[PDB]
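The figures here come from the full heavy-atom set of this structure, side chains too, leaving out hydrogens, waters and symmetry mates. Chain letters run A, B, ... following the sequence lines, proteins first and then strands; every chain starts at 1.
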There are 4 protein chains.
Amino acid sequence: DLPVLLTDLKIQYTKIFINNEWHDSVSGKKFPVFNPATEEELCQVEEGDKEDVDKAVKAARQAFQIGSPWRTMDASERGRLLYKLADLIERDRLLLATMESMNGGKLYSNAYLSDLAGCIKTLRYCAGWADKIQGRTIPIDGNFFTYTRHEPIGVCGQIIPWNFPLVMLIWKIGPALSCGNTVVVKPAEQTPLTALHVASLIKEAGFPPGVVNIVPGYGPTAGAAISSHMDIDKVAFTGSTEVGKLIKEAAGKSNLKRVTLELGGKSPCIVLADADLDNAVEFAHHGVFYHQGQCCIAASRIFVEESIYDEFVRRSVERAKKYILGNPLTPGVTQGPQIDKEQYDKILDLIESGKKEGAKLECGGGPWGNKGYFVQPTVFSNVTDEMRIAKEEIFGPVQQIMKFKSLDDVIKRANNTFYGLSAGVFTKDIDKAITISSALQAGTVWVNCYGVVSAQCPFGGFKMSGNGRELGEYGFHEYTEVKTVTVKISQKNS
Amino acid sequence: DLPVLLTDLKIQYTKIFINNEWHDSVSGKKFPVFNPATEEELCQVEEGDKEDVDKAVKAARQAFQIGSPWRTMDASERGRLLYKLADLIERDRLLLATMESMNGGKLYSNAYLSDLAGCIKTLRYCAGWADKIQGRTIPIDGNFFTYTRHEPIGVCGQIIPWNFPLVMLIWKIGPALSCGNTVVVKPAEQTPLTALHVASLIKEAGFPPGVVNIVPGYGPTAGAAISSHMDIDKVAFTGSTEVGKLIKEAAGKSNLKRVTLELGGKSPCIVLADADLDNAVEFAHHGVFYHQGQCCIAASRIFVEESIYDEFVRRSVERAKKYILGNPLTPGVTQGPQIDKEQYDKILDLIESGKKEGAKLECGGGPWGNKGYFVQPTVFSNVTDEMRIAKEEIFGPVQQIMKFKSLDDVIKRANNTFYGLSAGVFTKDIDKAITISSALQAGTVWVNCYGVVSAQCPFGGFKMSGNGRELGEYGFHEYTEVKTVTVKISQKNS
Amino acid sequence: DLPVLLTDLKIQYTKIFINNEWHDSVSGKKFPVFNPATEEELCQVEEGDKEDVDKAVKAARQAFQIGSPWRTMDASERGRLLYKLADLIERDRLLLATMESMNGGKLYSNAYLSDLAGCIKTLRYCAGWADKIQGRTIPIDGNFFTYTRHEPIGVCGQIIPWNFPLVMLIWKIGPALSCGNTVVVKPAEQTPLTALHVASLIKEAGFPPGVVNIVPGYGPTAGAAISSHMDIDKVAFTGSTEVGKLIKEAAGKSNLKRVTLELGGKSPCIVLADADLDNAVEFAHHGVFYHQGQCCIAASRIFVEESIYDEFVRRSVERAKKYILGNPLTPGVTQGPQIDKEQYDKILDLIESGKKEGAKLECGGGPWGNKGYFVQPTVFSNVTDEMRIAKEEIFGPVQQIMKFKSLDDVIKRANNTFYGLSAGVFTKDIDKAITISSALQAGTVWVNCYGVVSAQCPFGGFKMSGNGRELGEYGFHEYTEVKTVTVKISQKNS
Amino acid sequence: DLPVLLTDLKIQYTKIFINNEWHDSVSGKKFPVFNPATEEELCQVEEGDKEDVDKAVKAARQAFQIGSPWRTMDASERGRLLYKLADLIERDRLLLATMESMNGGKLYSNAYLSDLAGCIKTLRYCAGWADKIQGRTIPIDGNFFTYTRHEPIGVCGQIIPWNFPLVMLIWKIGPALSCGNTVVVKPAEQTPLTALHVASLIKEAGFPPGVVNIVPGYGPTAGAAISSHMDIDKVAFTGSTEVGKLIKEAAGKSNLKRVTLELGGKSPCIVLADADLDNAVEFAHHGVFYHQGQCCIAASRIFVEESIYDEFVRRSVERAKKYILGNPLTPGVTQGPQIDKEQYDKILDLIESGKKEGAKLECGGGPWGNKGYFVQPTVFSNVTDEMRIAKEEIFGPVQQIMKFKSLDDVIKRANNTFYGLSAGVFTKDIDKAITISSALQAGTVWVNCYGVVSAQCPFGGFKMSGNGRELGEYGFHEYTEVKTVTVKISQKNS
Ligand SMILES: C[C@@H](Sc1nc2c(cnn2C)c(=O)n1-c1ccc(CO)cc1)c1ccccc1
Ligand SMILES: C[C@@H](Sc1nc2c(cnn2C)c(=O)n1-c1ccc(CO)cc1)c1ccccc1
Ligand SMILES: [Cl-]
Ligand SMILES: [Cl-]
Ligand SMILES: [Cl-]
Ligand SMILES: [Cl-]
Ligand SMILES: [Yb+3]
Ligand SMILES: [Yb+3]
Ligand SMILES: [Yb+3]
Ligand SMILES: [Yb+3]
């Protein structure tokens with residue numbers, strides 16, 4: 001069931017959100033927000049800079065003070081607020097999915113059925129953790145009573161990318177709020193709008209003022225202000241590995257703020273000769289092509305055993321030739337645009353290297369349309385490891401298919417990258433599934449599937465694909481700070 | 001019972017330890033090691049530089065490869081090796097404590113009774129965790145079987161300070177080895193010797209080659225090589241907050257390696273009017289004066305309620321006047337030297353600011369002896385918050401005593417620092433003990449005691465006193481990397 | 001804010017609830033349900049017997065089969081159903097509290113403000129656990145992959161008492177359903193009605209049929225059928241220790257079904273001379289007198305240090321003389337009736353022993369009113385340990401106050417009972433609070449309070465006050481059955 | 001490497017062990033201990049009865065008192081004592097294995113290489129848990145500080161079977177002691193001797209007196225005394241399901257003591273057509289024939305798919321015909337005797353039913369030798385579900401092989417038993433391995449193996465095969481009793 005919005009969407013929220021009120025920028029500047037499918041300006045939004053991030057941090061700090069409503073409320077009540085926010089996002093599902101589709105260049109069916117469903121489910125999952133974050137009592141040596149408090153860390157700076165704006169917003173704020181933190185969020189310059197609507201719902205839900213502050217604007221200004229701030233306790237960032245390195249460096253230089261990073265990948269799939277071939281083709285296909293290839297987990301190197309390689313390439317190419325490009329809001333359209341010019345250019349430039357460096361172009365490999373940042377869905381076979389398209393994250397609808405005959409060697413090739421976000425293994429063999437997934441240097445390893453994400457699992461990168469994990473039980477640890485309290489007593493008993 | 005070594009100690013191990021064999025430096029240079037009590041050269045040690053760290057990382061990487069003895073052995077057997085290492089350290093307790101005392105300027109009674117006891121106990125504690133590191137099975141949405149592996153991270157670079165060389169060595173290698181990591185250790189330039197003896201015991205215990213590699217040398221060369229290395233997966237560092245910032249920055253610039261930091265402090269004690277006064281004086285005293293003040297947790301700001309302040313200062317001063325300075329090896333001696341000239345100078349310079357900025361000198365405040373980096377035990381009363389001695393870590397035998405009358409205000413003053421390693425609260429009031437310890441922004445809060453450390457507790461800093469925790473159950477998480485494995489199935493059942 | 005129902009309550013649901021449909025009894029018999037305040041018949045309800053429990057178990061077994069909707073739905077969806085049930089109970093709060101008050105003899109202010117609030121909050125807490133129940137991956141010796149599944153146990157028989165009918169219903173079904181079990185509930189013969197309304201809401205919420213089955217009737221028939229059934233996997237019971245022993249015996253005789261028991265108590269309070277006296281009097285008062293003394297945790301032995309004993313008794317007696325007896329539905333009424341004749345008789349008989357055995361009657365000690373099972377609120381001082389009123393659970397509004405001078409001896413006296421549900425300690429001394437609470441053989445120990453219950457804490461008895469725990473993280477374990485899966489592999493890696 | 005004892009074994013310890021001293025029985029009676037291979041009397045042992053169990057419980061109770069050495073020692077020191085006991089068992093490995101072989105009828109190679117290795121490893125595993133048993137700090141509603149203590153339960157009565165006397169002794173005492181309990185152990189009447197030697201080593205290791213008490217004797221006297229004792233807090237029993245029911249009943253009747261049971265089985269294997277046939281034959285073979293079939297996990301129903309059934313039966317029969325019967329002490333001997341006459345008779349009687357009820361006798365099916373309780377290794381093919389040999393636990397060297405063609409139906413047949421200790425699944429199919437192991441109602445499910453037991457895994461039965469789990473992290477919970485401590489505070493902060 002794919003319902004739709006009956007009136008044309010109006011944009012309402014375009015201001016900086018601090019202490020549950022709407023602020024003009026300190027400078028008074030505003031910046032335009034575009035639709036990637038039409039190249040048309042949707043609206044303008046208040047440009048947050050260092051001066052605005054400073055207001056936002058001061059409000060977050062005040063909301064975190066000992067004795068404040070947010071610090072003193074029952075953990076169960078933090079949970080209640082989060083489940084209420086999920087109910088409000090569910091109420092505004094049509095509006096939010098439409099705004100998400102229009103601003104993000106994101107197919108509406110997927111926006112409504114997947115992105116919004118995941119947002120609501122992740123929030124409800126995090127709500128449930130709030131009053132289940134626990135420390136320990138510890139049988140220390142000597143006559144002492146020792147316990148630990150898993151406290152909130154404090155003011156968390158949270159920088160969100162443009163590829164899944166709502167999902168990424170909730171992946172940040174859900175766990176941070178569940179644990180009792182206050183946040184300063186910087187949504188992507190390309191996609192501020194859905195986050196500003198969520199801010200209106202945070203107010204409506206009744207979160208105390210200053211617990212969530214949202215400062216739209218650019219990365220090199222508002223994002224740098226966050227990463228270098230002397231009174232932000234933690235920065236969480238999802239985006240490029242390049243910017244990830246700047247974030248971690250700036251945290252080091254400033255106040256040694258805690259860092260988690262969810263970065264890019266060059267994620268490999270290994271398809272064994274005994275694999276269910278159609279299943280492997282279908283998952284590897286969606287694994288690389290989902291949301292116009294703009295996923296950090298993009299299955300951008302597919303190694304297939306030689307005896308099934310030709311059949312794999314043939315079936316993959318036929319699947320890639322089935323797309324219908326267009327405005328992501330029109331029903332039946334199955335591929336929207338890339339987010340912007342910068343990305344569009346990078347994608348086309350990398351497509352040209354595949355041709356020049358000698359990969360076999362099976363289909364696509366150029367642009368589409370008179371308007372909008374559209375790239376034809378592209379497949380390269382006979383890709384080799386030193387090619388640019390095998391080493392660099394494309395972040396576009398461009399599939400690479402490689403051959404292998406040695407399992408020892410293809411695991412080395414899979415692991416021979418600075419990335420390590422995820423990987424896929426396709427086989428019917430129990431031993432192969434376990435041993436290969438153990439040997440892959442990847443944060444998530446899918447077996448006979450790909451791109452299966454859920455709130456109950458931790459998610460994050462090995463190596464330069466990330467630091468730390470988001471979601472699951474394990475992800476909640478990185479939004480707590482552990483305090484040991486050791487009390488002298490006359491005599492302990494076990 | 002304080003037994004002693006019957007023969008004069010000979011130094012045997014002075015070389016770089018890689019793949020369980022002793023190496024000369026690549027350059028061929030060596031550097032001198034001194035006794036801080038006599039200023040005399042004890043020996044020379046091979047100077048590890050970038051070229052040597054490179055050999056050490058290659059060996060650690062090879063020992064970590066899938067299919068290696070260290071990766072394939074039973075977790076229970078990693079545990080067994082660690083308990084064997086503890087038995088060997090216990091066997092060599094006299095030798096190790098003597099070498100630790102002589103090289104570190106550390107009182108021998110404390111070296112033997114505390115440092116070595118803590119080393120052995122921490123190793124035995126970590127051994128027990130080895131086969132109890134577990135992932136999860138997770139009821140993900142959809143028809144999937146999801147589990148997680150809490151894998152070792154990989155090659156861990158571990159930089160150790162000079163103040164507790166053996167304890168800090170074991171705090172690093174115990175958890176890292178228990179979890180299945182391989183390590184490259186850089187002991188302090190001042191104190192390489194006890195670590196090199198432990199390396200001989202790692203060989204004797206039967207650890208596979210390359211699992212522990214020890215590279216002595218300087219910080220700006222060997223330490224920088226570690227922090228900037230493109231194939232070290234994690235750096236752990238204990239030391240100054242200043243160097244901590246360089247470590248985190250370099251990790252960011254290079255390969256986004258995981259970082260934990262245990263840094264300095266300016267740790268406060270709050271002594272309420274209802275406190276057991278003698279107990280508060282005794283613990284605050286040892287809290288600041290332990291190991292010539294060379295503890296990151298040094299209780300270097302003692303806030304005392306006004307009505308008991310005079311009596312507190314009087315009793316504290318009398319306790320500080322009871323010390324006997326000398327060579328840390330002579331029985332009855334109760335205060336050894338500072339580690340080196342750099343520290344000695346910093347301590348005296350800060351003592352001079354206390355005088356100049358207007359603190360009341362109660363006792364001490366100059367050097368002692370014709371040889372050795374000795375500082376008289378010093379007490380300042382009427383210290384105020386803007387003084388250098390109230391803001392900067394002294395790392396010397398220098399106590400600061402402050403007065404307060406308002407509990408709200410003294411908690412602000414306690415928290416008004418970029419540090420946050422630890423704190424002390426002294427009171428008989430149940431409510432005060434709980435509420436004050438909750439409000440303090442400190443990693444460990446002691447109630448009616450100070451400096452109670454044990455292997456079962458997590459330990460680390462809030463704010464610029466650290467990132468992450470060492471020891472306890474919680475500390476073991478930062479030596480694992482979490483992998484989610486998600487397997488497609490026909491139908492799941494709860 | 002105490003709102004009320006605008007129309008007089010009508011009873012609608014009076015039938016046995018199996019497979020989400022309403023059933024007449026197999027025999028066709030019905031049994032009367034009374035109001036304890038008027039002694040008047042409210043209605044008749046279908047009498048479940050062994051033959052009906054058999055239908056209910058068959059439905060629960062079918063709902064638990066591998067491949068069923070309840071076994072195959074997402075854990076997150078079990079959670080969703082539970083949060084929906086909580087929303088429906090919140091919607092029907094006025095109706096449920098009124099029915100609870102009228103059928104249970106329970107003061108309406110408390111029914112509405114506490115019982116219903118606790119029901120809703122406990123359900124919401126349990127909902128949050130559903131998709132957070134996890135097994136482990138385990139580094140077993142040898143070349144194996146080992147994981148565990150924390151499965152639901154299966155069909156759980158759940159026997160509920162009359163004193164907190166709704167709260168006890170939700171304490172049973174919340175965790176059992178969160179974990180994926182199916183249930184056969186036997187509410188108390190005195191109080192079937194609110195549970196049958198909840199059954200209508202379980203249907204409305206959309207729980208699959210057979211997941212919850214409710215069989216009203218008597219204990220020696222329907223309760224015995226449950227405890228002795230060959231295809232019930234687990235029995236959970238709250239009630240008398242006497243019946244608890246019959247339940248455990250019958251489980252042993254039949255099919256070794258798993259057992260948890262929440263039984264009675266003779267819970268002690270220790271009031272030290274340094275205690276906040278008014279706080280200790282107020283909490284000890286409500287600790288014994290709550291819900292006409294019909295709490296398993298009733299603070300039915302209050303030991304007070306001699307120097308404050310007289311003042312404690314005086315203040316307690318004045319507090320007990322402030323009650324207004326009457327129909328629990330009338331505003332301003334502060335004490336309702338006992339549940340029934342059996343209990344009423346037992347209470348009066350025990351009150352007579354206090355007089356005869358030589359306790360000092362301070363106030364009360366007889367019945368009240370022309371109708372309804374009312375007992376005057378009673379206080380005995382100078383109670384000694386061999387008295388019946390100091391050994392036996394009264395379950396009525398009858399307080400016992402004792403004196404002590406030796407802390408060693410009063411802890412022995414506190415622990416000198418076969419019971420062990422809970423206890424209270426009142427002191428300002430940190431050491432006393434910790435050491436006394438450690439030494440008490442009680443499941444919950446309150447310090448400077450009493451009767452503080454919350455969903456986040458485990459709750460249950462030491463000794464003959466119970467087996468196992470309900471609620472908290474820990475309580476959820478007893479609604480899972482652990483399966484270890486060990487898979488042969490060619491080679492494991494850490 | 002199978003070394004042996006150089007002198008003939010002498011029996012030294014034959015007395016009741018209470019408070020670390022050797023006691024004659026209260027009656028003064030003694031009972032004979034036999035070698036099952038020769039039918040010859042080895043010695044006499046003091047017969048413990050109710051009067052002796054009473055002495056043992058009083059000593060255990062005193063060792064558990066608040067303030068005792070066992071309650072006040074560091075958890076790390078409980079661990080140390082356990083690792084010391086493991087070292088002493090390792091020292092006496094030859095003596096213990098020989099005594100175990102001679103008294104238990106247990107093949108010496110297995111006694112030395114498996115039983116003693118498992119004893120030592122399990123103890124070392126449990127030692128590591130001692131100072132890692134932790135409670136929680138819990139964010140309860142309202143202004144309270146809540147924590148939990150995972151205390152030892154108290155005096156644990158532990159009844160051990162004859163089939164693995166040392167392993168079962170350590171499986172009981174290891175976790176119970178690690179958690180801080182005191183124990184009264186009743187080893188099997190057939191096999192008291194190795195436990196009494198371990199008692200001498202508990203004394204030598206330096207356990208405080210009364211922490212471990214061992215009372216040899218019979219089950220219907222000493223075992224009943226334990227199960228019905230009013231001051232034993234918990235009973236743990238491994239043995240027959242029949243006696244298991246008596247234990248649970250008696251706990252119910254007496255003092256509602258906590259119960260865990262590890263009972264018998266009729267454990268099934270499902271061998272799919274795609275299985276590695278030789279691996280399935282080898283593991284199913286050892287799965288049923290290990291230790292003369294005297295394992296609770298005996299793979300006593302092997303369901304094989306029809307197309308490989310004939311080949312499976314043929315290969316299995318050839319493997320069963322390779323045994324060499326004799327005294328378990330002679331090298332090359334590969335099958336020892338049954339434990340005693342009672343078991344021997346039961347085995348032969350059940351073998352006769354297989355013949356009479358129409359199973360196909362492939363080999364064996366009678367006794368062997370002039371002396372010793374020897375049974376020929378027996379294989380029945382064409383077994384059907386209503387046969388006695390398919391329903392009843394034989395506990396002898398008797399294999400049952402069945403055919404199936406429907407996977408749905410063979411899972412029903414596998415699950416169609418009151419037992420549920422363990423099961424085996426043999427297949428190369430990933431989906432089959434996961435789905436079948438999920439659907440089996442068995443505590444341990446092995447995939448492509450059988451009888452893989454390790455200290456790191458929990459172990460126990462579904463249904464009438466047991467209550468609770470032993471070993472792993474999960475097993476340690478059943479040796480703790482949880483206390484919630486809830487402290488009133490002025491104001492909480494997260
Ligand atoms: C919307 C999905 S997330 C999701 N779904 C995908 C990707 C590629 N194909 N599909 C179907 C995909 O890349 N994601 C995804 C988005 C963000 C992050 C972390 O930054 C990780 C993954 C979700 C969110 C929340 C709960 C459940 C599912
Ligand atoms: C030797 C101690 S550690 C110890 N003891 C002290 C300090 C000041 N006074 N005392 C008595 C003190 O500062 N330490 C200490 C040393 C290192 C670290 C982490 O880098 C933390 C603390 C120990 C080690 C291991 C187990 C138990 C105790
Ligand atoms: Cl912790
Ligand atoms: Cl995890
Ligand atoms: Cl488990
Ligand atoms: Cl708990
Ligand atoms: Yb264009
Ligand atoms: Yb000098
Ligand atoms: Yb009457
Ligand atoms: Yb015979």
Side-chain angles (χ1 to χ4, degrees), chain C residues 135 138 140-142 144-151 153 256 481-488, chain D residues 114 118 161 163-164 167-168 171 238-241 244 260-271 279-280 282-291 293-303 390-395 398-402 410-411 413-427 433-434 436-472 474-475:
Chain C
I138 304 179
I140 193 185
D141 285 357
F144 305 95
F145 168 46
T146 294
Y147 65 93
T148 57
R149 283 165 53 82
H150 289 208
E151 302 190 352
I153 305 161
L256 285 163
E481 190 78 42
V482 178
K483 176 185 278 159
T484 303
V485 184
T486 291
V487 183
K488 182 184 135 70
Chain D
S114 300
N163 63 338
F164 294 84
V167 171
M168 298 283 77
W171 273 44
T238 300
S240 66
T241 289
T260 77
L261 309 164
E262 294 275 347
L263 308 167
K266 195 76 195 180
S267 300
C269 285
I270 297 172
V271 184
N279 183 71
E282 181 76 348
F283 272 112
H285 173 82
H286 290 289
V288 76
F289 286 110
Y290 200 80
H291 189 31
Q294 299 171 127
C295 298
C296 299
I297 67 166
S300 57
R301 305 180 287 147
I302 301 156
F303 297 96
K391 289 166 63 178
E392 299 177 43
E393 179 170 59
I394 299 162
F395 231 63
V398 188
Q399 182 176 49
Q400 284 62 237
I401 310 170
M402 286 102 148
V410 78
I411 293 165
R413 291 164 67 193
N415 291 336
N416 186 22
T417 180
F418 280 106
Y419 291 117
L421 189 54
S422 66
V425 184
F426 298 83
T427 182
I434 296 166
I436 298 160
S437 64
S438 295
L440 291 172
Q441 292 163 13
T444 301
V445 181
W446 292 287
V447 178
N448 297 327
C449 63
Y450 204 88
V452 180
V453 174
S454 206
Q456 298 76 21
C457 315
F459 179 92
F462 279 43
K463 297 190 249 174
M464 306 195 67
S465 288
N467 293 165
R469 297 288 177 273
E470 292 187 338
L471 306 200
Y474 204 82

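Aromatic rings from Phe459(D) and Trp171(D) are positioned such that their centres are separated by under 6.0 Å.
The CG atom of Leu263(D) lies 7.0 Å from the CG atom of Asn467(D); values are rounded to the nearest 0.5 Å. Distance SG/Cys457(D) to CG/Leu471(D): 8.5 Å, rounded to 0.5 Å. Between atom CZ of residue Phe462(D) and atom OG1 of residue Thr444(D) there is a gap of 9.0 Å, rounded to the nearest 0.5 Å. Remark: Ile138(C) CD1 to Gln456(D) CD distance equals 8.5 Å, nearest 0.5 Å.
Ionic pairing of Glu393(D) and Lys266(D) is not present here: no N-O contact between side-chain nitrogen and carboxylate oxygen is shorter than 4.0 angstrom.
Side-chain contact between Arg149(C) and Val482(C): absent, with no pair of heavy atoms (C-beta onward) separated by less than 4.5 Å. A 4.5 Å side-chain heavy-atom check between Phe164(D) and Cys296(D) finds every atom pair outside the cut-off.
Scanning for side-chain contact (heavy atoms from CB on, under 4.5 Å) contacts around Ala414(D) gives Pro268(D), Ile270(D), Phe303(D), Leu440(D), with sequence neighbours left out. Taking the side chain to side chain donor-acceptor pair (under 3.5 Å) definition, one finds that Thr146(C) meets it with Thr486(C), sequence neighbours left out. With sequence neighbours left out, the ring-ring contact (aromatic ring centres under 6.0 Å, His included) criterion links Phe395(D) to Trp162(D). Every residue meeting the ring-ring contact (aromatic ring centres under 6.0 Å, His included) condition with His285(D), not counting sequence neighbours, appears here in chain and number order: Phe289(D), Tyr323(D). Judged as a ring-ring contact (aromatic ring centres under 6.0 Å, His included), and not counting sequence neighbours, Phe426(D) has no contacts.
When only modelled atom types and interatomic distance are considered, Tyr147(C) and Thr484(C) share no side-chain donor-acceptor pair under 3.5 Å. No side-chain N or O of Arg301(D) forms a donor-acceptor pair with one of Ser267(D) less than 3.5 Å apart.
Between the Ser465(D) side chain and the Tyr419(D) main chain, no donor and acceptor come within less than 3.5 Å of each other. Checking side-chain atoms of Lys483(C) against main-chain N and O of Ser437(D) turns up a donor-acceptor pair under 3.5 Å. For the pair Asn163(D) (side chain) and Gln294(D) (backbone), a donor-acceptor distance under 3.5 Å is present. Without hydrogens or angle criteria, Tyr290(D) side chain to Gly451(D) main chain gives no donor-acceptor distance under 3.5 Å. Within the 3.5 Å criterion, the main-chain N or O of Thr427(D) finds a donor-acceptor partner in the side chain of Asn448(D).
A salt bridge (charged side-chain N to carboxylate O under 4.0 Å, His left out) check over residues 445-469 of chain D, counting only residues at least two apart or in different chains, returns the pairs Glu481(C)-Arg469(D).
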